[PDB]
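Beneath this line is the structure, given in structure tokens, with notes to follow.
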Amino acid sequence: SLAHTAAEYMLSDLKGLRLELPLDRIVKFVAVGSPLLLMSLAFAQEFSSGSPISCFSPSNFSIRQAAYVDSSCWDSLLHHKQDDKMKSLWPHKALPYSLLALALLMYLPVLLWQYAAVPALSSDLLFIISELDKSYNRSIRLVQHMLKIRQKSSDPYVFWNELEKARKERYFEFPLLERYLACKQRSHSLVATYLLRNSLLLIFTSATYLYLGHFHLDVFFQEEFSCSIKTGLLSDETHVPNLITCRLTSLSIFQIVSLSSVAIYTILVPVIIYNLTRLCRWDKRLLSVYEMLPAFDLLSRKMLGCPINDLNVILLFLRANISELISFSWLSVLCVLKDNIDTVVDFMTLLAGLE
Amino acid sequence: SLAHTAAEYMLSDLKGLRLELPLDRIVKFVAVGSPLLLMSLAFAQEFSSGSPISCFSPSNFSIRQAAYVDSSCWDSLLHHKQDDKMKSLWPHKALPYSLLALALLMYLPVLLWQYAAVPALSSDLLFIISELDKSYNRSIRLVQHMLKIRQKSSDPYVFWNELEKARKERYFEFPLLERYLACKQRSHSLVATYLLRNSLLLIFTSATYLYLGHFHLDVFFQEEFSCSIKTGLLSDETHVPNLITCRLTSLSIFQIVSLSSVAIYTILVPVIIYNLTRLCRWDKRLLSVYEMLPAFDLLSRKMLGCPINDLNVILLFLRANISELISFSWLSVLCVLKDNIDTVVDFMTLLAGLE
Amino acid sequence: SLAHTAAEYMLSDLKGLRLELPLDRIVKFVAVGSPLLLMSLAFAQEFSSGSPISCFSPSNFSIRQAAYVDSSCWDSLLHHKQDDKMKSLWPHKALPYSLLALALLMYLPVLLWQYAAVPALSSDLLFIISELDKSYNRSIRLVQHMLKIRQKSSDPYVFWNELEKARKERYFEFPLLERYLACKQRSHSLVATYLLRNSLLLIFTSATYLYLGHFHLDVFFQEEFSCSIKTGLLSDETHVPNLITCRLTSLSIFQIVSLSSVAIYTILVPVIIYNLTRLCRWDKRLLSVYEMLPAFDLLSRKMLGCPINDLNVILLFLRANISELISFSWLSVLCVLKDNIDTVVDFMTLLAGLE
Amino acid sequence: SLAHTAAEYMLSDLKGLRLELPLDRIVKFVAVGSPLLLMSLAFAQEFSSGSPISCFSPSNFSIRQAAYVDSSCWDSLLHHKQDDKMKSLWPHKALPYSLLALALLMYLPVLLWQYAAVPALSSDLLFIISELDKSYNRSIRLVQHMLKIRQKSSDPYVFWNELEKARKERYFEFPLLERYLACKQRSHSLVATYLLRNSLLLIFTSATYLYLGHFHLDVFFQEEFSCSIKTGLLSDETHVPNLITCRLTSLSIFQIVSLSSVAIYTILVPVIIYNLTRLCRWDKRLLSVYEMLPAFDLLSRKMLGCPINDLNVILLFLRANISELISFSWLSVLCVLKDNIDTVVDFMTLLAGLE
Amino acid sequence: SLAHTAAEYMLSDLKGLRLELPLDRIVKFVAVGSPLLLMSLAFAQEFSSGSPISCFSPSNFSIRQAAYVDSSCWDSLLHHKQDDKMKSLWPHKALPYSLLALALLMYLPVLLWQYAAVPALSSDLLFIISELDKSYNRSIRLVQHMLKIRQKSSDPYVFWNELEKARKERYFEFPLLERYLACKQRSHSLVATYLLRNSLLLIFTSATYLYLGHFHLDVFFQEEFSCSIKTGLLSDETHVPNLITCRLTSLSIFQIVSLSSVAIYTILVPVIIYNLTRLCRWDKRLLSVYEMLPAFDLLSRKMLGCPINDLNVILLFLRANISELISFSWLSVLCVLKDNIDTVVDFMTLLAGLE
């Protein structure tokens, strides 16, 4: 089948970064694979194939005349409905091609995404994660005299005064990283790609609804139609001028395909609108532990203005990648501190799990 | 066939972690592959294909007219039963679609298990295994000066009281792991995933039972039925008004498929019920050797109250991974100590196989 | 066809180990691949498909009526034998299902072996291989200097009184390994798995013989049979009441399949018998060199009593693992010393071959 | 289908460079795969196959006679058009072979580029990559002993008289690069084989247009034609001398293929035009940063005369390869410096991000 | 189809050596892939299959009789030509077997080339490349003290006679390589392999021409022939002795296959003759840079007498391998010295790019 190769041609499956969220992967996968699976189911061994149109030819006709009669009407599918207004039944013939066109249309935005924003996005993430795995090694050395001073002075002089100059001392200041984030905040060249990627899917889904409403839903319960042959040189012959009672046997496949097509997209739309609305608001679900880390505080300091910024997308892509192999450590272990108080424990934990 | 592609698209087969138990693997394997195999065998080269329904047209009818009369009832299987109550035989037509739907439904819970608990469980197991790896360089590099002093001493003062401060000194204690285990004990966000993963399978099995009971088991020994053609534009014709002796060809396939579908799930159900009840009790099969290791005592310490907690699942998954490459060592060799006595043997056994 | 997928799903082909004994692979590969390949060859392009059943309809019958006549008897195989005893010809339709069930039945015991004995066996072999790997560097250590005394002595007072002194001396002594071997000798947890693995194959081939004898071997030279159609709604019709001269065109493949299935298993049975009987005796084909080797003497030392012990299986699995990469060395070279005498040559050989 | 293997035989997918632009990749992929996709879709299971030509034989003729009549005219498609001027419909026969010829003609220029351009290009790129790599630690160290003068100086002394001889000091100068650039500026060898690669595509598009115009669009709305049989040994027979109403069953695929072929190439013309015109101008979009670096300033220095040189292609292929892993560094973070001023910020940024 | 497996069984695609020139690869590819592609096109889904021969049986005959008469002639192609001389038409039947034989014949020489010259050639290339690698740190590690004394010297004493003893000192000479080249120059054991490989292709092309001329080109415009059936047990039966108007269906494919086969080979022959004459002349396109390097001068020194020797072939195969990874260096960069003069540049360029 043609739809077999196209599967791995389209929806087939750096070295340390995930540039596609699981939700985006799922929606792309299902939205590309549903029409292909439907097309494969429609015209394969699951339902018996052969001549999908039958015409009740008169007994005087032999095999060749009946075959000519029934084979000259699919190319010219036309019902002369008397309920002499002509009505066409072309979707029955154009269904697979429309399915393939929908499959290509719903794949175009994926190419747009991988060709419009992937390189710069990867560059930003690689530079940021470099500046961020310097953090731990630049942290334990910076806070080591703190451990040996805690037993030599009181709490105000270890955690309220000794950090006044220790934290501000030039060991963990990263002016380059801060300036890069400040410059990238003002940029808007990357959110447009995300907006276009989701808007194309929305527009194509609406177009699919329009096509399925305007042309389908009319020839849905109609299974009998009358055709004609005498529209040429065969008009000068002695036979039936209007053919009688030609029936379509593949109506069940038509109905099932239409129902599944409408259902998959009426299910998919909420996921895409949620993915769109995700960028509408800022996220501070873990800022409580971020404002204390001397590097992750810079991320939490730049919370102002509208959330439609490149920094939002960079943060969203980094959060899913904050657990690769190195940050997949103490950072992920700082969950036990969930309820002055952090005078003791907050330091024994970080000085216990060194490496 | 499409079952071919679906096989390796659905049931197809970190880097040191086994996050699926073998029983769960076999359950998923059977419950996913059985309907696909049945639908493949039903419509393959094993049984000759052709027309699933045959009708006994009168001798006056031609080949094309007989093909029309036998093809106008395969999409409209309705029996005008006299034993004039009309009866429907649609399961014979909808069996493959039902099988495919069952195959998708049974694969649904695996996706939830893979998307809702795998990352958290992987992080948890990685952290616990990584710290527990350091417990080997703690019981014969710190306690090794035990028999080195036992010979030049007596029983109270070297083995009942001397072995009290070394067990309470800052080489034996792991505070971070104790607090981490205590915090993970209270959580209940992981056992829920297990509970829905099993209950969805149970509910789907019950739904399959209901579907096969209500619709099947009625058209099971009926192989002949009478249909009608004059229900439209064919009403004004001179031929038999009600068709005679139309027989279903693939009844044996239907019976075999139904019986196999019943048998597979009726033998499967006890496996899932046992898997569900495996979590309802605390496991202390090897606690006797666990209560002596410097860091293995903490896990053997915390079994209190109800056993429905993330700690139980974490221990269950760690048990299957306790023999990977480094705990696949002396720990697996403390099987000869199965019967004061630990004065010597438990010590040369430890210090003999260092590395 | 269906047979191709089952082949590489079922009979397809740590990192330095072997969990199957060498000849024990043929019994699995031939008993599992025979029903499957026989099914593949039963219905293939070579002996083309079509109508498995043919009947000589009267010339008055039409093509559709004759086709309905012979197509209503393929699924209702029942000879009306006058030699009115109703005899059934169901094997000609049940052969492929029987072959597939036999193929799955043959593969069940292999799954039992792979899921009931692999982990403990692998752990035991890994530990014992580590011990006998440590066994090598012993000759140079305390034995090389120790036979550098017969150039300053003769024999009776150096090599037969002082030779045992170093042999008794604690360098040629690992009580941990001795305890492990003694503990494993008493256990019987794995020999039962082997006994079940062999007995399942034996009982299953016995069941194959019973099924082939009771049910086949009767309809073997019968190629013509008579059927009936007027057994229902078609009884009230003017046609032949008992069909005449219906012949099965596929008799020959039935004979070849039965003969090949008999022959392969009667060839195979003695292999199972020998594999089962291999475990009932201790092996001493190379114990003479084993006794003099540093730590190989322990394994040959614990030979006593009835041989049905875990240690026998451990030895059977270890014997062919003695040539992996590092025991694939001098040990395999010690075949030249095959005929006081060990005064020099027995050590010049492996002082020449250090590394 | 034959079109399946050709796909991965032609259009299927060192070790660190990109020797082809993504837009050229899209152009080649579309231009090669479009005829193959059309050929596959033309004669696959999507549309029912069979006899492409059917005719209305007289009722007296038998089945074999009708088969001979409508099979002896398919290879001899010749309309005896009375509107006795015979017209031939051979494009309906030669469409697939023409598509295959177009596919081969599309692939020829790609082979030309891959064979007669890569050896001359690759070595130069590889050499220039390392020679430009040398720049990094030739900028920080070389201009390091400037801020050691800044704090102890003022006015233009430090950065406008003291920072003057270091510019031409013999660690800043790159004598080897200078002669190479001078020689490459006057070369014309490789710059003359890109025009060939694009002009072959342009001429082939023109030829495709000519064939589609001259040969098609004449038989576009014609579905019925008349042929003759009595043109040989069958002349002396009593039957119809001229066949009546021979109709082509596969017109719709003909129109679909023609429209797709014209539309795809009319889409593909402008992108090829832009690829051809890309080399007509010098690129100075971001030369501002380049003219400060020690080794990058030579490239921006030599932008003189006509743009049709080897240097244009060298720079074009170097720009796409400027972000592999090592130039994928600080070079990529000089986007913040986008608006004396270079007294500090340009160099605090430089020494902040060492590695 | 068999052509699908034959493609990768014959034409399917050390570790650093190229043992085949690109022209040789292209020639082998074309000459081995043309017959398989042609035979695949002949008998694929592109052209409708069925009965290659059709006959106009009299209307009195039944379908079975027509099938017999039209099937008893396909295996007995023999035209009863009255233009009573018997003419045969067997090439129409034997075309695919002949094409497969041609495909095997064209593949034959590649096996001889791979089995008669590969090992010695690989050994020679490995030895020569390994010896030539050490030639880098001998003109810049030894001659480096040439300009270092030139400035404190004059014209004759430092660069015309000082560069006369170091060039005959035990760092510039390679006697083993010189003797190896001298010994290999006399040998002719491998140029015979090249000559045989090319002559086999030429002979097979001539044989193909003879086969296409003698047997084809005669039955090329003939499509109708009369056969006879009454030549045996059927002769005593009242029907037509000699069949009327039996026509060949697949003449167009025959013509296309013959034309393509002749055309591609007349296109290909000049490439073979060019490959043959490439070895007739010594190659001195770039000796000007070979004649000053320490170890490369020995290559340039030995060009005397006839060029038919092992040295020519080993030089030809070395030239294409001169740019692998290490000679893919400065040697390839001596392209700027293309115009006493070598007083400076021929040393600054070398000591600039050390590594």
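Order as written gives the chain letters A, B, C, D and E; numbering starts at 1 within each chain.
In this text, a residue touches a chain if its C-beta (ideal position, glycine included) is under 8 Å from a C-beta of that chain, and two chains touch if they have at least 3 such contacts.
The chain lineup, named per UniProt: A, B, C, D, E = Pannexin-3.
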{"item": "Chain whose Cα centroid lies nearest the overall Cα centroid", "value": "A"}
{"item": "Inter-chain centre distance, chain B versus chain C - centres from mean C-alpha coordinates, in Å", "value": "29"}
{"item": "Inter-centroid spacing, chain C versus chain A (mean Cα positions, whole Å)", "value": "49"}
{"item": "Centroid distance [mean C-alpha coordinates] between chain D and chain C, Å", "value": "58"}
{"item": "Two or more partner chains touched - positions in chain D", "value": "61, 63"}
{"item": "Contact graph of the chains (line, ring, star, complete, other)", "value": "line"}
{"item": "Chains grouped in pairs wherever the two touch, ordered by label", "value": "A-B, A-D, B-C, D-E"}
{"item": "Parts of chain A lying in touch with chain D, wherever the complex brings them together", "value": "1-2, 5, 43-44, 49, 51-52, 60, 62-65, 67-68, 71-72, 75, 93, 96-97, 115, 119, 123, 126-127, 174-176, 179-180, 183, 232-234"}
{"item": "Residue ranges of chain D touching chain A (in the complex, touch as defined)", "value": "4, 7, 22, 40-41, 44-46, 48, 54-57, 59, 61, 63, 66, 223-224, 226, 244-245, 247, 249, 251-252, 256, 323, 328, 332-333, 335-336, 338, 348-349, 352-353"}
